[PDB]
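Q: Mind looking over this structure? Questions follow.
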Amino acid sequence: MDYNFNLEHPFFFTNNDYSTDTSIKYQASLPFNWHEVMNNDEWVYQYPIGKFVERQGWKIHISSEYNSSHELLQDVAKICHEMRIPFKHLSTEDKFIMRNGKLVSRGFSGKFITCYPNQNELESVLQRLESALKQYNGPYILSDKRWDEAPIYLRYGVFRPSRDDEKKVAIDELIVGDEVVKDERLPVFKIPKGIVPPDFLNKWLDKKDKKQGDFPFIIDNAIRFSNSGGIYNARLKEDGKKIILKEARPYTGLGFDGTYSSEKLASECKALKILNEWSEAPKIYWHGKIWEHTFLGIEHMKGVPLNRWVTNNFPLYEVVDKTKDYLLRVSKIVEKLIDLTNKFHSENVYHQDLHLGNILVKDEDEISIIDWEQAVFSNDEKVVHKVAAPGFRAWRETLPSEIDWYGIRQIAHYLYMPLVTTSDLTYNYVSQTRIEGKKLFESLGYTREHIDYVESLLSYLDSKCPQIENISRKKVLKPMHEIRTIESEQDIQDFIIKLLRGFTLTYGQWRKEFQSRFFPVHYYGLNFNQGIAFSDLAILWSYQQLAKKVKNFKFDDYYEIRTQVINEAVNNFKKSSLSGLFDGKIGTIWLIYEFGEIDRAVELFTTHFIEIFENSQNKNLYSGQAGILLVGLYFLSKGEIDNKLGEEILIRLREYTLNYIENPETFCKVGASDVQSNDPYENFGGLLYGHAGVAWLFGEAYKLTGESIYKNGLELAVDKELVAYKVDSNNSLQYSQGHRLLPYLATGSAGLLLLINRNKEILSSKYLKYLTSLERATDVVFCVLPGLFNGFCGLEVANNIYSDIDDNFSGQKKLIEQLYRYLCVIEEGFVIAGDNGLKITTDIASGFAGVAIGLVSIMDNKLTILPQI
Amino acid sequence: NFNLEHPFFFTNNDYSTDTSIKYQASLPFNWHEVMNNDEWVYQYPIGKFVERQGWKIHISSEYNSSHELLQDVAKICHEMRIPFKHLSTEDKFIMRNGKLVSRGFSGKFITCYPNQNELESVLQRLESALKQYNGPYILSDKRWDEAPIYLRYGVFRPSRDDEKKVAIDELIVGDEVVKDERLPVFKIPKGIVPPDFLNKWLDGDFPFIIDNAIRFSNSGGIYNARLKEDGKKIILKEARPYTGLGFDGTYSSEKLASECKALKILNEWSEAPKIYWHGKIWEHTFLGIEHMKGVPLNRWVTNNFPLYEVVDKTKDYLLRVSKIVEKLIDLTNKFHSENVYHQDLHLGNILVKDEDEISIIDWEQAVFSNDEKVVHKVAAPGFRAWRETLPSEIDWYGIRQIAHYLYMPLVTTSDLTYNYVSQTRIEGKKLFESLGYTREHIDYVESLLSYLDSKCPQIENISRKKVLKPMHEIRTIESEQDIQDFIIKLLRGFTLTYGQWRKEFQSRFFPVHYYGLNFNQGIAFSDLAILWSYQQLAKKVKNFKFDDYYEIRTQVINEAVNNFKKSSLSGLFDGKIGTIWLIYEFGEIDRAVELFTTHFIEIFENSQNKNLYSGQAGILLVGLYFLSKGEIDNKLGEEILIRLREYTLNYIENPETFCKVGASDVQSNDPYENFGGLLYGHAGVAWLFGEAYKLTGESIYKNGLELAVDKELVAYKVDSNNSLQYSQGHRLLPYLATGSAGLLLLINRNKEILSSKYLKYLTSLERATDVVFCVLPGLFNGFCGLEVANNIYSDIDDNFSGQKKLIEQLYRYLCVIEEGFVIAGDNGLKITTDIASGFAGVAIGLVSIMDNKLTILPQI
Amino acid sequence: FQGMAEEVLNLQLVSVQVXXXXXX
Ligand SMILES: Nc1nc2c(ncn2[C@@H]2O[C@H](COP(=O)(O)OP(=O)(O)OP(O)(O)=S)[C@@H](O)[C@H]2O)c(=O)[nH]1
Ligand SMILES: [Mg+2]
């Protein structure tokens with residue numbers, strides 16, 4: 001459920017073309033001399049044949065409830081088929097669920113039938129429609145104004161695109177006066193900039209009801225808004241008290257089953273009425289009905305949520321935790337959860353939504369369960385668990401009491417090893433965390449008795465949930481049961497063979513039911529097809545680079561798919577509109593060169609390099625100008641081009657260096673930043689984004705020829721980039737971004753540790769003193785993401801890469817024996833869930849290609865994603 | 001040839017979807033799963049080798065006990081190690097056990113794959129948990145003891161490269177090849193060793209004698225037999241247990257019992273059959289009814305409608321129609337008092353036997369309740385009710401369209417436009433006033449059809465077919481303004497039917513009749529000829545507003561030239577030179593000349609046929625068409641001409657080799673199964689000879705034409721109306737493509753060159769293209785071809801009658817969309833836009849009446 | 001509570017105080 005992002009669908013993600021069918025339509029009984037047009041796959045528009053309509057005017061908005069939705073069509077279309085009024089309405093029932101549901105914005109809420117009366121015939125339309133319906137009801141629809149006692153709503157808007165015999169006016173602008181005015185969609189009603197109403201509307205606009213003002217609330221803030229309402233922070237006006245305010249507009253907040261927000265609110269009110277003697281449960285101070293929004297106020301608990309408490313108390317370092325004392329607190333919290341669950345299961349209530357956002361941990365380790373919004377009060381049935389957090393949803397129908405135990409089991413397993421995200425893809429995934437948390441806690445060094453007590457508690461929690469037969473089309477994905485220990489190279493060969501076999505299995509399931517791409521990919525780059533990024537050509541390149549390290553692979557269908565990928569990559573080369581190393585046209589040239597194609601790469605290179613270099617805008621490594629110069633310097637260093645083109649490349653590289661040394665602040669961000677996200681085109685700090693990409697180019701230019709201005713620019717860039725870094729309490733240098741610290745390969749600490757290790761012979765003694773500080777920041781024991789750009793593989797490919805030692809067995813052993821906690825299997829296979837596990841993907845940032853490049857770069861000591869020499 | 005059905009258009013084996021409860025057996029570890037192709041799911045244990053050939057195990061089931069049987073096979077089959085595969089969705093279960101599906105594939109619900117060493121153990125274990133269920137007998141298999149557990153020698157998996165490579169169809173044979181064939185009655189083939197236990201297991205009063213069968217089906221078929229006590233004449237029935245399942249849960253044994261009850265209730269009636277024998281032999285239900293003589297109305301209408309100008313002397317046709325339509329009303333109103341209904345009343349059931357006396361047969365769909373509104377589930381094309389009527393009114397809805405079919409025979413498109421028959425009822429009065437019948441008979445049959453309109457109720461139209469509405473007014477064409485309005489209406493209808501196709505499909509650009517849905521090049525079912533007809537008819541109307549076709553012109557041209565060589569075809573109408581000719585006449589001159597100069601001598605030697613549809617004659621015709629415009633150089637022109645010089649002498653050497661001489665033996669409206677005509681076959685060689693004489697002047701080209709015409713004219717037969725028509729099978733076909741109109745226009749083209757011994761057929765062929773009614777509206781095999789070849793190459797230059805007749809008589813085939821006019825093709829459950837049968841054919845017809853050319857053939 | 005209406009209607013503005021889409 002919970003679509004949008006991009007969508008549902010087992011295993012892979014997909015584009016926004018999957019919401020197909022299976023709901024009954026509305027089908028409003030067309031007469032003759034008319035016509036119905038299905039245009040935007042949401043609305044059917046009926047035009048009377050041979051009638052001129054007027055641009056702008058006053059639209060008519062009609063709302064509806066779910067139970068009596070089918071009667072408004074037969075009572076409004078009967079009105080509109082006599083005379084001549086064109087109207088449009090929704091087509092499928094699913095979009096009627098979604099339009100009045102929880103997900104959509106407050107601007108588009110409740111629009112179900114829209115009428116288009118003309119200017120001189122609106123009187124009879126409204127006078128007939130007021131006495132026509134008179135009994136049905138629905139939501140208010142914001143950004144509009146009500147009529148007297150009907151679901152009729154009015155608005156001044158646009159009717160249709162511009163006529164051929166009129167001035168060309170865009171959809172977003174009006175024609176009031178001689179000026180064009182862009183309209184806005186704000187939740188309150190505003191007359192759009194002085195449009196003169198007709199004489200009959202002045203009575204309906206300018207009137208005022210009774211001014212009896214008695215509001216027993218002082219609203220201070222509002223933490224979050226929704227379609228149902230908002231959750232305010234206020235105080236009572238009796239004497240004092242801090243209250244948490246909830247509201248729910250009538251006939252909205254609708255779910256896929258027929259159940260509104262008021263029923264959930266009343267269930268919350270009853271459930272907190274029953275539990276009215278426990279300090280570790282909220283209490284109700286006020287229940288009422290102001291106008292028709294049915295306000296509820298409940299008391300405000302104190303503490304931090306368990307999600308922040310895990311990150312504040314898990315040992316992420318060997319030195320961050322002192323005098324042990326962590327597992328006994330976990331056992332105490334699990335014992336409190338068991339006691340609470342038994343106590344409110346004895347009182348015949350069922351909380352039915354137990355995830356990390358509800359348990360609040362206050363001072364001295366006391367819990368308090370909040371958000372009793374989907375409570376039920378009967379246990380003899382078998383229902384489907386409908387609304388849940390990601391990773392806390394039950395499987396294949398159960399009793400209303402076992403959903404609480406299924407929640408509590410994974411809350412306890414998250415507190416032992418924080419990886420429960422992929423539990424919506426693999427059944428019984430937490431057994432892997434149960435197995436592999438014990439190895440981590442033994443390697444850190446702990447008393448045995450705490451481990452036995454915690455494992456006894458997890459066994460007791462496992463014993464009170466039923467094993468359910470997995471029939472959900474996701475049966476193939478099964479967790480591990482046996483974990484080995486790597487002691488020789490044959491285990492590494494076996495793991496490599498299993499990983500390529502898992503890639504072979506995950507190719508076919510994507511290619512069987514889709515054809516728009518060739519490999520599945522994370523949803524940030526669902527529409528990108530070029531560069532060292534979310535793509536498809538780097539997948540085959542990493543597959544070749546890993547398969548060359550294993551002797552005599554099965555070699556299924558390699559050459560055919562290589563032929564179509566290498567043909568399709570060059571077939572649409574100039575149809576793109578981006579230029580850059582990692583996301584543009586110059587990256588695929590280097591990858592085509594990396595397969596081979598020595599004539600083809602030079603033929604594309606000499607034809608398109610000048611046009612690619614002139615139209616570039618930015619000046620960073622990821623999508624700017626430095627990557628194209630790096631590719632040109634690589635091609636000059638190997639040598640496949642003419643002398644004058646290389647002279648132009650060197651002249652423009654000197655021009656770039658001279659522009660950089662004058663003012664460095666033009667094309668970067670020297671600061672600390674205030675926005676935190678995983679978006680690729682939003683971060684400006686790191687190796688891919690910022691000064692380290694410039695320093696890599698300066699190091700390559702110094703290694704090519706040897707001008708001292710490149711060394712000066714590199715030293716200036718390194719001294720500028722270390723301004724953004726801070727020092728924590730553990731004496732470690734980390735990148736700073738908002739309230740978060742990011743030691744990672746791409747956007748953080750490991751990029752500089754790789755860069756100053758690559759140039760140890762050129763740099764001097766005033767710059768190498770940060771290596772001990774940076775190595776203490778990339779020695780973590782656990783991180784959530786398994787990827788290459790911002791995951792564990794990026795941390796371990798750069799911690800021991802160059803080192804002037806050929807000892808590579810220890811790094812491979814550590815990487816393989818610690819990366820086992822992120823995987824599942826398929827049939828003698830191996831697939832890796834990517835950032836935000838709830839997926840399987842093959843892409844270079846978080847997936848198969850990232851760990852393939854990690855193993856290849858650990859073996860060959862090159863980091864084969866940035867060109868060098 | 002792939003048909004599907006959805007609203008409006010056709011599509012091919014796509015947009016069908018699958019929504020049903022999936023079967024989805026469970027899965028343990030050390031296993032897997034893998035949907036091979038859309039129907040089966042394959043479970044097999046990992047790390048276990050399997051053999052090939054050997055013995056397979058099939059397991060069958062019925063509908064309401066299929067899930068329990070799957071769960072009671074999967075539990076035993078998960079014990080030990082046996083791979084197995086079963087069906088996926090209930091829709092494929094309905095399709096596999098169905099009525100019209102082929103009998104070689106039936107009842108395969110669980111396919112089990114045991115190995116050789118423990119097959120006796122898995123049979124012994126499986127027989128204990130089963131045998132409380134039952135299923136169909138299934139041909140080409142063998143029942144074991146008392147179970148659906150089945151055996152057949154067959155392969156498991158395709159060839160592994162470590163073993164020998166012998167492909168799918170061969171079964172362990174190296175010296176020869178053995179290709180297995182799935183047939184009923186079913187033999188163990190040559191060789192094959194049953195090891196020990198199969199040899200024991202493998203090792204009267206029959207009251208009727210069967211002569212021959214008239215149909216075979218999955219239910220069993222219908223037999224023509226005789227009794228043993230007397231001679232008699234019986235029509236026998238057959239059934240199979242748990243076989244014959246529709247989309248609702250009904251089997252053939254229920255329908256046979258309903259037939260027996262409905263024929264035993266009406267046993268006292270002389271227009272209903274009498275049951276001579278009902279019984280059960282083993283499990284196959286056998287039923288025998290009497291043989292009712294007569295003829296169905298589908299041949300009676302074509303044998304009694306006034307088709308030519310004098311076929312029915314002394315009138316009397318409407319008097320014969322009136323007696324039948326009142327007998328139907330009184331008979332149906334009589335047997336409805338006994339609470340029996342038919343629910344299927346198309347033309348194949350009413351039989352006329354004794355001087356217009358009816359006898360309703362085939363009572364397979366009887367319903368004895370009349371208080372639940374039901375959906376009409378199974379019907380013939382055309383006679384299907386709309387949206388949940390009472391079971392009493394379904395018979396009257398059938399009888400209403402039967403009576404409207406008797407008034408003018410066009411009812412087959414009533415499944416697309418609701419209440420289409422008002423157009424037919426309007427134009428029947430005009431046609432019978434044109435023929436000159438009595439007024440009182442017309443008023444009497446109008447009163448009967450008004451009574452049948454009064455009996456059937458009115459239903460509001462709720463579907464997506466609610467855009468298409470019938471005509472309600474007809475205006476007589478009297479001036480040029482009516483034609484100039486009709487052209488704008490037809491162009492607007494073409495724009496709307498392109499806009500409806502473009503939204504939900506992107507593989508093609510225009511909807512095409514299902515014969516040429518695969519083809520995308522040429523003239524007939526092309527993608528560029530429709531836009532060329534669009535441009536040609538839009539040039540004939542003043543200041544028409546262009547919608548988008550400046551962009552669409554270069555879009556279609558660029559898409560055609562990008563995929564010009566991405567095929568393996570040649571020919572004028574479905575090949576590679578047709579798009580060259582069409583690009584040259586579309587408006588771009590030099591690109592077509594460049595492609596022609598590049599590729600003509602490459603295309604020339606690859607083809608094998610020699611007709612204008614796909615062969616060398618169209619290659620030559622385009623070749624000497626390009627010589628007249630003069631873009632071809634001297635050496636290439638000599639190369640073009642030296643091929644045709646040898647071609648004509650090669651035709652003179654042996655004429656019978658190039659085209660079939662005779663009258664054929666097939667009865668199908670198929671493109672590649674047609675042999676004689678202007679397009680398909682031999683008259684186009686005479687067309688090429690007529691074209692070649694105009695620029696060269698040699699008599700060697702002319703003598704081949706007088707040979708070819710005399711060779712073609714042996715196929716026709718003189719009818720009692722003194723008309724020359726084509727004769728394939730037993731149908732007479734006056735049409736443009738495979739008919740007399742092509743030869744009429746060929747003689748009218750070369751009337752100044754030919755002698756007086758060939759011009760005597762003008763008075764004979766013009767009495768065959770003077771037909772009053774024909775079913776199809778297309779160009780090649782429809783009305784427009786008959787009205788474009790009647791008056792095109794006349795010496796006079798008056799063309800208003802050719803406009804007026806063609807516009808006025810082509811009104812009963814039209815559907816309206818919104819100030820539009822979209823034309824249904826042949827077998828009109830469609831709307832089609834192509835030059836064969838659709839908008840483009842009518843556009844070329846109007847142009848070729850106006851312009852004196854027939855501009856879809858190369859001329860000089 | 002009557003003649004209020006406007007009150008709540010207005011209320012729908014205030015101002016929040018200072019990834020993972022798809023609701024919960
Ligand atoms: N610290 C604290 N937080 C509170 C208190 N009362 C409510 N909250 C906040 O309100 C949240 C309730 O969930 P909320 O933010 O409404 O989203 P949700 O209900 O989990 O999910 P959604 O459907 O609304 S998107 C709690 O997780 C908590 O962050 C309180 O007394 N103290
Ligand atoms: Mg909730």
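Naming scheme: A, B, ... for chains in displayed order of the structure tokens; residues 1 onward per chain; ligands 1 onward as shown.
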Identify every residue of chain C that has at least one atom within 7 Å of any atom of chain A, counting only C-alpha atoms, and report the result as a count of residues only.
A: 14
Q: Among the residues of region 319-440 of chain B, find those DSSP assigns to strand (DSSP E) from the backbone and print them as a PDB file with N, CA, C and O atoms, in the first residue's frame.
A:
ATOM      1  N   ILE B 350     -34.134 -20.525 -36.717  1.00  0.00           N
ATOM      2  CA  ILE B 350     -35.421 -20.544 -37.401  1.00  0.00           C
ATOM      3  C   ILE B 350     -35.255 -21.219 -38.756  1.00  0.00           C
ATOM      4  O   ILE B 350     -34.424 -20.808 -39.575  1.00  0.00           O
ATOM      5  N   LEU B 351     -36.046 -22.263 -38.999  1.00  0.00           N
ATOM      6  CA  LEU B 351     -35.969 -23.048 -40.226  1.00  0.00           C
ATOM      7  C   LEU B 351     -37.299 -22.959 -40.962  1.00  0.00           C
ATOM      8  O   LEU B 351     -38.358 -23.172 -40.363  1.00  0.00           O
ATOM      9  N   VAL B 352     -37.240 -22.655 -42.255  1.00  0.00           N
ATOM     10  CA  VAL B 352     -38.414 -22.623 -43.121  1.00  0.00           C
ATOM     11  C   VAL B 352     -38.443 -23.926 -43.910  1.00  0.00           C
ATOM     12  O   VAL B 352     -37.480 -24.254 -44.613  1.00  0.00           O
ATOM     13  N   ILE B 358     -42.384 -21.974 -39.987  1.00  0.00           N
ATOM     14  CA  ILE B 358     -41.195 -21.893 -39.153  1.00  0.00           C
ATOM     15  C   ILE B 358     -41.149 -23.063 -38.177  1.00  0.00           C
ATOM     16  O   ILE B 358     -42.160 -23.707 -37.882  1.00  0.00           O
ATOM     17  N   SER B 359     -39.943 -23.337 -37.668  1.00  0.00           N
ATOM     18  CA  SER B 359     -39.738 -24.394 -36.675  1.00  0.00           C
ATOM     19  C   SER B 359     -38.463 -24.047 -35.904  1.00  0.00           C
ATOM     20  O   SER B 359     -37.362 -24.167 -36.448  1.00  0.00           O
ATOM     21  N   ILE B 360     -38.624 -23.630 -34.653  1.00  0.00           N
ATOM     22  CA  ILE B 360     -37.498 -23.176 -33.842  1.00  0.00           C
ATOM     23  C   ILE B 360     -36.790 -24.386 -33.242  1.00  0.00           C
ATOM     24  O   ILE B 360     -37.422 -25.239 -32.611  1.00  0.00           O
TER      25      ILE B 360
END
Q: At a cut-off of 9 Å, list the chain A residues touching chain B, using only C-alpha atoms, as number ranges by chain.
A: A: 22, 27-36, 39, 49, 469-473, 475-476, 478, 826-828
Q: Kindly provide, as a CSV table (one decimal) with N, CA, C and O atoms, in the first residue's frame, all nucleotide and amino acid residues lying within 12 Å of ligand 2, counting only C-alpha atoms and all ligand atoms.
A:
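Written file, selection.csv:
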chain,number,residue,atom,x,y,z
A,102,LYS,N,-6.0,10.7,2.7
A,102,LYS,CA,-5.1,11.2,3.6
A,102,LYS,C,-3.9,11.8,3.0
A,102,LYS,O,-3.2,12.7,3.5
A,253,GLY,N,-10.6,12.3,5.4
A,253,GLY,CA,-9.7,11.4,6.0
A,253,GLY,C,-10.1,9.9,5.7
A,253,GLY,O,-10.1,9.1,6.6
A,255,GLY,N,-10.3,6.1,4.1
A,255,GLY,CA,-9.5,5.0,3.8
A,255,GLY,C,-10.1,4.1,2.7
A,255,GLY,O,-11.3,4.4,2.3
A,261,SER,N,-12.3,9.6,9.5
A,261,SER,CA,-11.4,10.1,10.6
A,261,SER,C,-12.1,10.2,11.9
A,261,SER,O,-11.4,10.0,13.0
A,264,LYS,N,-12.0,6.8,13.8
A,264,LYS,CA,-10.7,6.6,14.4
A,264,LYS,C,-10.5,7.5,15.7
A,264,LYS,O,-9.9,7.1,16.7
A,265,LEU,N,-11.0,8.7,15.6
A,265,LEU,CA,-10.8,9.7,16.7
A,265,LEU,C,-11.7,9.2,17.9
A,265,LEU,O,-11.2,9.3,19.0
A,267,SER,N,-12.5,6.1,18.5
A,267,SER,CA,-11.8,4.9,19.0
A,267,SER,C,-10.6,5.3,19.9
A,267,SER,O,-10.4,4.7,20.9
A,268,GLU,N,-9.9,6.3,19.5
A,268,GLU,CA,-8.9,6.9,20.4
A,268,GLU,C,-9.4,7.4,21.7
A,268,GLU,O,-8.9,7.1,22.8
A,351,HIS,N,-3.8,-2.3,20.6
A,351,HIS,CA,-3.2,-1.0,20.2
A,351,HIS,C,-3.0,-1.0,18.7
A,351,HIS,O,-3.2,0.1,18.0
A,352,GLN,N,-2.6,-2.1,18.1
A,352,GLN,CA,-2.6,-2.4,16.7
A,352,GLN,C,-1.7,-1.6,15.8
A,352,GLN,O,-1.7,-1.8,14.6
A,353,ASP,N,-0.9,-0.7,16.4
A,353,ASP,CA,0.1,0.0,15.6
A,353,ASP,C,1.3,0.3,16.5
A,353,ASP,O,1.3,1.3,17.2
A,354,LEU,N,2.3,-0.6,16.5
A,354,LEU,CA,3.4,-0.5,17.4
A,354,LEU,C,4.7,-0.4,16.6
A,354,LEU,O,5.2,-1.5,16.2
A,355,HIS,N,5.2,0.8,16.4
A,355,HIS,CA,6.5,1.0,15.8
A,355,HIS,C,7.4,2.0,16.6
A,355,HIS,O,7.0,2.3,17.7
A,357,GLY,N,7.9,5.1,16.4
A,357,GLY,CA,7.4,6.5,16.6
A,357,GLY,C,6.4,6.6,17.7
A,357,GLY,O,6.0,7.7,18.0
A,358,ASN,N,6.1,5.6,18.5
A,358,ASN,CA,5.1,5.6,19.5
A,358,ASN,C,5.7,5.5,20.9
A,358,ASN,O,5.3,6.1,21.9
A,370,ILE,N,2.1,6.0,23.1
A,370,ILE,CA,1.1,7.0,22.7
A,370,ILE,C,0.5,6.6,21.3
A,370,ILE,O,0.8,5.5,20.9
A,371,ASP,N,-0.3,7.5,20.8
A,371,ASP,CA,-0.9,7.3,19.5
A,371,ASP,C,-1.8,6.1,19.4
A,371,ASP,O,-1.5,5.2,18.7
A,372,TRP,N,-2.8,6.0,20.2
A,372,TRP,CA,-3.8,4.9,20.2
A,372,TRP,C,-5.0,5.2,19.2
A,372,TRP,O,-6.1,5.3,19.6
A,373,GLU,N,-4.6,5.5,18.0
A,373,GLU,CA,-5.5,5.8,17.0
A,373,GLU,C,-6.3,4.8,16.2
A,373,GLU,O,-7.3,5.0,15.6
A,374,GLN,N,-5.7,3.5,16.1
A,374,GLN,CA,-6.4,2.5,15.4
A,374,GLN,C,-6.7,1.3,16.3
A,374,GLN,O,-6.5,0.2,15.9
A,375,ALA,N,-7.2,1.6,17.5
A,375,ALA,CA,-7.5,0.6,18.4
A,375,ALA,C,-8.8,-0.1,18.1
A,375,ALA,O,-9.7,0.5,17.6
A,386,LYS,N,-3.7,-3.2,7.9
A,386,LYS,CA,-3.9,-2.3,6.9
A,386,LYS,C,-2.9,-1.1,6.9
A,386,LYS,O,-2.2,-0.9,5.9
A,387,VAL,N,-2.9,-0.4,8.0
A,387,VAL,CA,-2.1,0.8,8.1
A,387,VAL,C,-0.9,0.6,9.1
A,387,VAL,O,-1.2,0.2,10.2
A,388,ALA,N,0.3,0.7,8.6
A,388,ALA,CA,1.5,0.4,9.4
A,388,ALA,C,2.7,1.2,8.9
A,388,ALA,O,2.7,1.8,7.8
A,389,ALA,N,3.7,1.3,9.8
A,389,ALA,CA,4.9,1.9,9.5
A,389,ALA,C,5.7,1.0,8.5
A,389,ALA,O,5.4,-0.2,8.4
C,23,UNK,N,2.8,9.2,3.8
C,23,UNK,CA,2.3,9.2,5.2
C,23,UNK,C,3.2,8.6,6.3
C,23,UNK,O,4.4,8.8,6.3
C,24,UNK,N,2.6,7.8,7.2
C,24,UNK,CA,3.4,7.2,8.3
C,24,UNK,C,4.8,6.9,8.0
C,24,UNK,O,5.8,7.2,8.7
Q: Quick one: pull the distance between atom 17 (O, counted along the ligand's line) of ligand 1 and CA of residue 369 (chain A), Å, one decimal.
A: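 A separation of 13.8 Å between them.
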Q: Could you check how far CA of residue 195 (chain A) sits from CA of residue 12 (chain C), in Å to one decimal?
A: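 The value is 25.0 Å.
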Q: Residues within 12 Å of residue 587 (chain A), please, as a ChimeraX atom specification. Count only C-alpha atoms; anything in the same chain fewer than 6 positions from it doesn't count.
A: /A:529-533,535,537-538,569,573,578-581,593-594,601,604-605,609,612,621-623,627-632,865-867
Q: Between CA of residue 770 (chain A) and CA of residue 808 (chain A), what is the spacing in Å?
A: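 Between these atoms lies a distance of 23.9 Å.
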Q: Contacts of residue 60 (chain A) at 12 Å or less, counting only C-alpha atoms, minus same-chain residues fewer than 5 places along, as a PyMOL selection string?
A: chain A and resi 76+85-89+111-118+122+125-126+129+141+144-147+150-159
Q: Name the residues in contact with residue 155 (chain B) at a cut-off of 7 Å, using only C-alpha atoms, excluding same-chain residues fewer than 5 positions from it; report them as a PyMOL selection string.
A: chain B and resi 52-54
